[PDB]
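These protein sequences, in sequence, are chains X and Z.
Numbered continuously in our numbering, the first sequence closes out at residue 436.
Numbered continuously in our numbering, the second sequence closes out at residue 1045.
Where a beta carbon is used, it is the ideal one built from N, C-alpha and C, also for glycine.
In what follows, a single structure is set out as structure tokens and then discussed.
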Amino acid sequence: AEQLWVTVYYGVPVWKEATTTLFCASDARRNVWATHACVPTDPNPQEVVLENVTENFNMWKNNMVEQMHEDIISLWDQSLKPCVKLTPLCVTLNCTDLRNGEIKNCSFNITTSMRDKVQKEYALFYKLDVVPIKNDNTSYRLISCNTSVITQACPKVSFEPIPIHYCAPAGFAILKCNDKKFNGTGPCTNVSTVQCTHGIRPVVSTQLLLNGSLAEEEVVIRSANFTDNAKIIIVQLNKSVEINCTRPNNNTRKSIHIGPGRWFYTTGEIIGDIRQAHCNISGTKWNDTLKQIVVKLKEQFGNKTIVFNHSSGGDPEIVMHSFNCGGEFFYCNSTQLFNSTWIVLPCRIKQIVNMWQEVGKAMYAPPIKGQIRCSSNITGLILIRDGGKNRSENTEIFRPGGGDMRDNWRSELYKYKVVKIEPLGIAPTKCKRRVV
Amino acid sequence: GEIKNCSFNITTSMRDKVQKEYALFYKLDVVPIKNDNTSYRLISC
Ligand SMILES: *[C@@H]1O[C@H](CO)[C@@H](O[C@@H]2O[C@H](CO)[C@@H](O[C@@H]3O[C@H](CO[C@H]4O[C@H](CO)[C@@H](O)[C@H](O)[C@@H]4O)[C@@H](O)[C@H](O[C@H]4O[C@H](CO)[C@@H](O)[C@H](O)[C@@H]4O)[C@@H]3O)[C@H](O)[C@H]2NC(C)=O)[C@H](O)[C@H]1NC(C)=O
Ligand SMILES: *[C@@H]1O[C@H](CO)[C@@H](O[C@@H]2O[C@H](CO)[C@@H](O)[C@H](O)[C@H]2NC(C)=O)[C@H](O)[C@H]1NC(C)=O
Ligand SMILES: *[C@@H]1O[C@H](CO)[C@@H](O)[C@H](O)[C@H]1NC(C)=O
Ligand SMILES: *[C@@H]1O[C@H](CO)[C@@H](O)[C@H](O)[C@H]1NC(C)=O
Ligand SMILES: *[C@@H]1O[C@H](CO)[C@@H](O)[C@H](O)[C@H]1NC(C)=O
Ligand SMILES: *[C@@H]1O[C@H](CO)[C@@H](O)[C@H](O)[C@H]1NC(C)=O
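Written out as structure tokens, the structure reads:
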């Protein structure tokens, strides 16, 4: 061969997988995710295809879901830091049934003029927020009394999800898998480089994925391993299913004095009949959606297998479907969607809630005045396998489930991978440097 | 005697489940109240 000599090159387009922090970006305008500090979005972002190069994607290793997990919780706690403690409101409640029982009409006597202007301030309380005192009437008190000090969320904080974007830092790039058939992992062929991702709204829910993206012209079902009962099945829907939710009760609210310079909002009277929360779901769209899902499930789980039975498994907040329409947390019985194996949902409202899990300090929602209405659609859902059974293709009871809230972002992040680019490299050449 | 066996009565149900909860205390952690029995309290008071 030729006498070869070392030549140094810079700008070499090669890279290695790496994990780092992506910068937030937002369509700039006390909403939790509406941080005062965030990069304005690019009105004309670029995307280029590699084509000579493929890349190994694995949605179960995208560490970006961890960044979102921690940052989102931090933002929640920060916005709701200067909020009102319920500590002096642990006073026992003399409760009777509210005439029309999920709502009790109770009284108490605290603080009784501890350098302030206060009184008994009777009010309405929800069953799901209190603990019975079986040694009394039965009487009630705040369920938090024997656990922790919790605060009433600041009335000035909105909880509307914001579609936050995330962009690569210098020296790093975001690769995207554009294969319509891409599942949990593999050598994605259609790979492109993206300057910055689209916005993902931090929607928090249990059992069904709401207001997300749609599948590429068919239902696509993903899992780490369809044979492993310890894994979950992620279903991305071809078209979404329409759901319309309402809180028909027109509620008032009252500010009460709890100390000098301190106020607390209580549920006031209710105007009109007291009715149940519920959501209306189109059976047509729901059933047709299931048809496509079943067809795909057959590919792995058998051609005559009975699927989709009633809700079961986990504590009440896992067994019920959960969402936060209007700022109030609704827990509805999804069984009405899965009450027939191979639509109006009854629903209750809770105010003392836990953002995915909370230790010690927790959030109590304020009462919302008026009526709550919203509209959304089911764009995905999580199925769980019921466990061991006869191998024969008889049953596989894909119950709704999933309590790991991180999957509400992983379900979108699966498209992306972050790498570190190494511009420095060498190769042989023909001649020696003309060294004197 | 370096260890005293003492009682008290606090918080007496300030929205809680409490009682007199007698316990052992060390001499070196308390201050005598020479106007009482002598009785004691936390030296940090
Ligand atoms: C999935 O995505 C959908 C669509 O984004 C969400 O549904 C919407 O949620 C927003 C949340 O704010 C609703 O917006 C509210 O509408 C109220 C009345 O709506 C009428 O009036 C507004 C006036 O601008 C019109 O834009 C609208 O079209 C209607 O004509 C407003 O009164 C609300 O503002 C008040 O409340 C907020 C509370 O934070 C205050 O800050 C304001 O200052 C003001 O007091 C608010 O704008 C919207 O109506 C919903 N759509 C529908 C059809 O109902 C789903 O919630 C989302 N699902 C999930 C799972 O996230
Ligand atoms: C859909 O998922 C299957 C199962 O994981 C993928 O097939 C495997 O891909 C891995 C990638 O490293 C290979 O090691 C296995 O040998 C593959 N298994 C078989 C039997 O082919 C498949 O590639 C995925 N489809 C897409 C489009 O990503
Ligand atoms: C609640 O009020 C009734 C009013 O007659 C009273 O008899 C009862 O003892 C009260 N309960 C409590 C918790 O004090
Ligand atoms: C996905 O939705 C489109 C909507 O027009 C439909 O035409 C298509 O048939 C659906 N895919 C399957 C697998 O049915
Ligand atoms: C789902 O709801 C959103 C709400 O804005 C709507 O824009 C979208 O078109 C809906 N999806 C379908 C498939 O109708
Ligand atoms: C609730 O009832 C009061 C009664 O006066 C009415 O003024 C108010 O508009 C009602 N609110 C809603 C949202 O219907």
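#1: Check whether the region 100 to 109 of chain X and the region 75 to 88 of chain X touch, using three or more Cβ-Cβ pairs below 8 Å as the test.
#2: Just to confirm, is the Cβ distance from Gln207 (chain X) to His321 (chain X) under 8 Å?
#3: If I follow the unbroken alpha helix (DSSP H) through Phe301 (chain X), where does it start and stop?
#4: What number of angstroms, rounded off, separates the C-alpha of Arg275 (chain X) from the C-alpha of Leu124 (chain X)?
#5: Check whether the Cβ atoms of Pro40 (chain X) and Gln195 (chain X) sit closer than 8 Å, and answer yes or no.
#6: Mapping DSSP to helix, strand and coil, what is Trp5 (chain X)?
#7: Taking the beta strand (DSSP E) that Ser375 (chain X) belongs to, which residues open and close that run?
#8: Of all the CB atoms in chain Z, is at least one closer than 8 Å to the CB of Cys145 (chain X)?
#9: Between the alpha carbons of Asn339 (chain X) and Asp288 (chain X), how many angstroms are there, rounded?
#10: Report all residues for which the CB-ligand distance to some heavy atom of ligand 3 is below 5 Å; order them along the chain.
#11: When we look at the beta-carbon of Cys347 (chain X) and count the other beta-carbons within 10 Å, is it buried (16 or more) or exposed?
#12: For chain X, find out if any of its Cβ atoms is closer than 8 Å to the Cβ of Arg1041 (chain Z); answer yes or no.
#13: For the 8 Å Cβ check, are there 3 or more pairs between the region 254 to 263 of chain X and the region 111 to 128 of chain X?
#14: Note down, in chain order, every chain Z residue with its Cβ under 7 Å from the Cβ of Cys90 (chain X).
#15: I believe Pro88 (chain X) touches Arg253 (chain X) by the beta-carbon criterion, under 8 Å. Please report the beta-carbon distance rounded to the nearest angstrom.
#16: What I want to know is whether the C-beta of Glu328 (chain X) ends up closer than 7 Å to one or more non-hydrogen atoms of ligand 1.
#17: Which residue marks the beginning of the beta strand (DSSP E) containing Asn1005 (chain Z), and which one marks its end?
#18: Could you work out which residue in X:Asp97, X:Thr147 and X:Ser26 is closest to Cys90 (chain X) when comparing CA atoms only?
#19: Taking its Cβ as the centre, do 16 or more other Cβ atoms sit within 10 Å of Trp60 (chain X), making it buried, or is it exposed?
According to the structure data:
#1: The answer is no - the region 75 to 88 of chain X does not touch the region 100 to 109 of chain X, with fewer than three Cβ pairs under 8 Å.
#2: By one-based count along the first sequence, residue 207 (chain X) stands at place 207. By one-based count along the first sequence, residue 321 (chain X) stands at place 321. Yes, they are a contact pair.
#3: For the purposes of this step, residue 301 (chain X) is taken as the residue at position 301 of the first sequence. It spans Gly283 to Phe301 - the alpha helix (DSSP H) in which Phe301 (chain X) sits, taken as one unbroken run.
#4: In the first sequence, the residue the question calls residue 275 (chain X) occupies position 275. In the first sequence, the residue the question calls residue 124 (chain X) occupies position 124. Each residue's Cα considered, the two are about 15 Å apart.
#5: Here residue 40 (chain X) refers to the residue found at position 40 of the first sequence. Here residue 195 (chain X) refers to the residue found at position 195 of the first sequence. It is not a contact, given that the beta carbons lie outside the stated cut-off.
#6: For this step, residue 5 (chain X) is matched to residue 5 along the first sequence. Looking at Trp5 (chain X) - three-state DSSP - the assignment turns out to be strand.
#7: Numbered from 1 along the first sequence, position 375 holds the residue referred to as residue 375 (chain X). Where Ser375 (chain X) is concerned, the enclosing beta strand (DSSP E) stretches over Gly370 to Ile384.
#8: Against the first sequence, residue 145 (chain X) aligns to sequence position 145. Judged by the 8 Å Cβ criterion, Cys145 (chain X) is in contact with chain Z.
#9: Here residue 339 (chain X) is taken as the residue at index 339 of the first sequence, counted from 1. Here residue 288 (chain X) is taken as the residue at index 288 of the first sequence, counted from 1. Cα to Cα, the separation comes out at about 16 Å.
#10: X:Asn94 and X:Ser139
#11: Residue 347 (chain X) sits at position 347 when you count from the first residue of the first sequence. Looking at its Cβ environment, which holds 16 or more other Cβ atoms inside 10 Å, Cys347 (chain X) is buried.
#12: Here residue 1041 (chain Z) is taken as the residue at index 41 of the second sequence, counted from 1. Under the 8 Å criterion on CB atoms, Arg1041 (chain Z) is classed as non-interfacial with respect to chain X.
#13: Counting C-beta pairs with one atom in each stretch, the region 254 to 263 of chain X and the region 111 to 128 of chain X have three or more that are closer than 8 Å, which means they touch.
#14: On the first sequence, residue 90 (chain X) is found 90 positions in, with the first residue counted as 1. Correct list: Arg1015.
#15: Walking along the first sequence from the start, residue 88 (chain X) turns up at place 88. Walking along the first sequence from the start, residue 253 (chain X) turns up at place 253. Not a contact, Cβ separation roughly 19 Å.
#16: By 1-based counting over the first sequence, the position of residue 328 (chain X) is 328. No; taking the cut-off as 7 Å, the Cβ of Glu328 (chain X) has no heavy atom of ligand 1 nearer than that.
#17: The residue labelled residue 1005 (chain Z) in the question sits at position 5 within the second sequence. Element bounds for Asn1005 (chain Z): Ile1003 to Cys1006.
#18: Taking the first residue of the first sequence as position 1, residue 90 (chain X) is located at position 90. Here the closest residue by C-alpha is X:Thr147.
#19: Numbered from its first residue, the first sequence carries residue 60 (chain X) at position 60. The residue in question, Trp60 (chain X), is exposed, as its Cβ has fewer than 16 Cβ neighbours within 10 Å.
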